[PDB]
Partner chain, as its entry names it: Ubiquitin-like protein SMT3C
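Coming up is one lone chain in C-alpha coordinates, specifically the form solved without the partner chain.
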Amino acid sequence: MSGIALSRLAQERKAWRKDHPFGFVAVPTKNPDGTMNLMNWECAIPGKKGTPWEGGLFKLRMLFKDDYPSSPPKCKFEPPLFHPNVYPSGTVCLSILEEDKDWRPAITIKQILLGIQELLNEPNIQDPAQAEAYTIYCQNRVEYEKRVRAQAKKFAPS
(Lines give C-alpha, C1' and ligand atoms only; values in the text may rest on other atoms or scores of the structure.)
Protein backbone atom coordinates (compact mmCIF):
# COMPACT_ATOMS: atom_id res chain seq x y z
CA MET A 1 0.00 0.00 0.00
CA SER A 2 0.95 3.65 -0.41
CA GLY A 3 0.04 4.16 3.24
CA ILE A 4 3.18 2.33 4.32
CA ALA A 5 5.23 4.26 1.77
CA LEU A 6 3.81 7.69 2.60
CA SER A 7 4.23 7.05 6.33
CA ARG A 8 7.87 6.12 5.79
CA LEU A 9 8.34 9.10 3.47
CA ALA A 10 6.85 11.37 6.13
CA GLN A 11 9.49 10.17 8.58
CA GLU A 12 12.18 10.81 5.97
CA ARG A 13 11.16 14.42 5.33
CA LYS A 14 10.83 15.35 9.01
CA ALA A 15 14.17 13.72 9.84
CA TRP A 16 15.85 15.50 6.93
CA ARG A 17 14.51 18.91 7.96
CA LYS A 18 15.60 18.51 11.58
CA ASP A 19 19.03 17.16 10.62
CA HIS A 20 20.85 16.71 7.30
CA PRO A 21 24.46 16.90 6.02
CA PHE A 22 25.68 20.33 4.93
CA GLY A 23 25.57 21.10 1.21
CA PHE A 24 22.93 18.46 0.53
CA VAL A 25 19.38 19.26 -0.56
CA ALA A 26 16.31 17.02 -0.44
CA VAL A 27 12.80 18.38 -0.97
CA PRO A 28 9.55 17.05 -2.51
CA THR A 29 9.13 18.59 -5.97
CA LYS A 30 6.32 21.08 -6.60
CA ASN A 31 3.22 19.84 -8.40
CA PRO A 32 1.66 22.05 -11.12
CA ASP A 33 -1.20 22.96 -8.75
CA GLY A 34 1.33 24.43 -6.32
CA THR A 35 1.40 21.49 -3.93
CA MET A 36 4.33 19.11 -3.40
CA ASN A 37 4.84 15.41 -4.12
CA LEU A 38 6.21 13.17 -1.36
CA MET A 39 6.94 10.41 -3.88
CA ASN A 40 8.95 12.76 -6.10
CA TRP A 41 11.94 14.58 -4.60
CA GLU A 42 14.33 17.15 -6.03
CA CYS A 43 17.79 16.45 -4.62
CA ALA A 44 21.21 18.11 -4.81
CA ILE A 45 24.53 16.48 -3.90
CA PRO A 46 27.61 18.60 -3.11
CA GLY A 47 30.96 17.47 -4.51
CA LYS A 48 33.30 15.88 -1.97
CA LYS A 49 36.10 18.12 -0.69
CA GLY A 50 39.59 17.05 -1.72
CA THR A 51 38.16 15.45 -4.84
CA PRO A 52 37.90 16.65 -8.46
CA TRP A 53 34.14 16.79 -7.82
CA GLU A 54 34.64 19.49 -5.17
CA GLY A 55 32.87 22.78 -5.85
CA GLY A 56 29.97 21.22 -7.71
CA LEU A 57 26.31 20.97 -6.77
CA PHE A 58 24.92 18.07 -8.79
CA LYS A 59 21.14 17.78 -8.96
CA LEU A 60 19.16 14.54 -9.16
CA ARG A 61 15.58 13.33 -8.72
CA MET A 62 14.22 10.62 -6.41
CA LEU A 63 11.22 8.64 -7.62
CA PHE A 64 9.49 6.49 -5.01
CA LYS A 65 7.09 3.62 -5.68
CA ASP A 66 4.12 2.45 -3.61
CA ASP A 67 6.24 -0.58 -2.73
CA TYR A 68 8.65 1.68 -0.82
CA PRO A 69 10.48 1.09 1.44
CA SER A 70 10.41 -2.55 0.30
CA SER A 71 11.70 -1.26 -3.04
CA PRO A 72 14.47 1.34 -3.54
CA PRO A 73 13.75 4.66 -5.28
CA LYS A 74 14.87 5.51 -8.81
CA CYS A 75 17.68 8.06 -8.62
CA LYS A 76 17.87 10.19 -11.76
CA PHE A 77 20.46 12.90 -12.41
CA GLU A 78 18.97 16.00 -14.01
CA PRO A 79 20.80 16.85 -16.12
CA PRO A 80 22.79 13.62 -16.74
CA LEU A 81 26.42 13.66 -15.57
CA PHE A 82 29.73 12.44 -16.96
CA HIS A 83 30.31 9.30 -14.88
CA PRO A 84 30.99 5.57 -15.53
CA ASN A 85 28.15 4.40 -13.27
CA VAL A 86 25.61 6.87 -14.66
CA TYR A 87 23.49 5.83 -17.65
CA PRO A 88 23.12 8.35 -20.52
CA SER A 89 19.51 8.88 -19.43
CA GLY A 90 20.78 10.09 -16.07
CA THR A 91 19.80 7.03 -14.07
CA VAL A 92 22.27 5.96 -11.37
CA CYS A 93 23.67 2.43 -11.40
CA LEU A 94 24.37 1.83 -7.71
CA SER A 95 24.29 -1.43 -5.75
CA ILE A 96 22.06 -0.10 -2.97
CA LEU A 97 19.53 1.08 -5.57
CA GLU A 98 18.48 -2.46 -6.48
CA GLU A 99 16.23 -4.56 -4.23
CA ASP A 100 17.87 -7.75 -5.51
CA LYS A 101 21.19 -6.85 -3.88
CA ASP A 102 22.55 -4.70 -1.04
CA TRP A 103 19.27 -2.82 -0.51
CA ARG A 104 17.73 -2.56 2.95
CA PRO A 105 14.32 -0.92 3.57
CA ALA A 106 15.88 0.70 6.66
CA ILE A 107 18.27 2.75 4.51
CA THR A 108 17.66 6.49 4.92
CA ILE A 109 17.48 8.96 2.02
CA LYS A 110 20.52 10.58 3.62
CA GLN A 111 22.44 7.30 3.41
CA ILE A 112 21.53 7.12 -0.28
CA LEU A 113 22.69 10.66 -1.04
CA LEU A 114 25.88 10.04 0.93
CA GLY A 115 26.27 6.78 -0.98
CA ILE A 116 25.88 8.37 -4.40
CA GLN A 117 28.32 11.11 -3.40
CA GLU A 118 31.05 8.54 -2.73
CA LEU A 119 30.24 6.81 -6.03
CA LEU A 120 31.10 10.07 -7.80
CA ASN A 121 34.74 10.16 -6.69
CA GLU A 122 35.00 6.37 -6.48
CA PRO A 123 33.22 4.86 -9.52
CA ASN A 124 32.63 1.11 -9.81
CA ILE A 125 34.41 -0.41 -12.81
CA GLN A 126 32.37 -3.60 -12.36
CA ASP A 127 29.13 -2.20 -13.79
CA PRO A 128 29.77 0.30 -16.63
CA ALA A 129 26.67 2.36 -17.42
CA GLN A 130 28.07 5.11 -19.64
CA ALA A 131 30.12 4.25 -22.73
CA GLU A 132 32.59 7.12 -23.09
CA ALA A 133 32.94 7.65 -19.33
CA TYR A 134 34.05 4.05 -18.81
CA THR A 135 36.41 4.36 -21.78
CA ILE A 136 38.30 7.51 -20.78
CA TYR A 137 38.51 6.34 -17.17
CA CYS A 138 40.26 3.06 -17.99
CA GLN A 139 42.55 4.77 -20.50
CA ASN A 140 43.43 8.46 -20.23
CA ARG A 141 42.96 8.91 -16.48
CA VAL A 142 44.46 12.40 -16.74
CA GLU A 143 41.87 13.34 -19.35
CA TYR A 144 39.13 11.82 -17.18
CA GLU A 145 39.97 13.96 -14.15
CA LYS A 146 40.08 17.05 -16.36
CA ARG A 147 36.54 16.26 -17.50
CA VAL A 148 35.40 15.91 -13.89
CA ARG A 149 37.00 19.14 -12.66
CA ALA A 150 35.57 21.02 -15.64
CA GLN A 151 32.18 19.49 -14.83
CA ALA A 152 32.37 20.38 -11.14
CA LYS A 153 33.12 24.04 -11.87
CA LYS A 154 30.40 23.89 -14.53
CA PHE A 155 27.88 22.85 -11.88
CA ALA A 156 29.26 25.30 -9.33
CA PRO A 157 26.48 26.81 -7.16
CA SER A 158 25.83 30.52 -7.78
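Positions refer to the first chain, counted from 1. Under this definition, the rigid core comprises the largest set of C-alpha atoms superposing within 1.5 Å between the forms.
*Asks:* Do the CA atoms of 133-141 or those of 17-25 have the higher mean B-factor in the entry?
*Replies:* Taking the mean C-alpha B-factor of 133-141 and of 17-25, the larger value falls to 133-141.
*Asks:* Do the C-alpha atoms of 48-56 or of 107-115 have the higher average B factor in the entry?
*Replies:* Mean C-alpha B-factor is greater for 48-56.
*Asks:* How does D33 rank on Cα B-factor within its chain, lowest, middle or highest third?
*Replies:* Middle third of the chain for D33's C-alpha B-factor.
*Asks:* Name the third of the chain's ranked CA B-factors that contains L97, choosing lowest, middle or highest.
*Replies:* Answer is highest: the recorded C-alpha B-factor places it there.
*Asks:* Should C43 be placed in the lowest, middle or highest third of its chain by the C-alpha B factor in the entry?
*Replies:* Lowest third of the chain for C43's C-alpha B-factor.
*Asks:* What third of its chain's C-alpha B-factors does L6 belong to: lowest, middle or highest?
*Replies:* Tercile = middle for this residue's CA B-factor.
In what follows, reference is made to the form deposited with the partner chain bound, a form of this protein that is not presented.
*Asks:* Going through 113-148, which residues have a heavy atom within 4.5 Å of the partner chain in the entry with it bound? Please give them in sequence order.
*Replies:* Stretch hits, in order: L114, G115, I116, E118, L119, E122, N124, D127, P128, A129.
*Asks:* With the rigid core superposed, which of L57, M39, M36, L114 has its C-alpha shift by 2 Å or more between this form and the one not shown?
*Replies:* Spelled out, the residue whose C-alpha shifts by 2 Å or more is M36.
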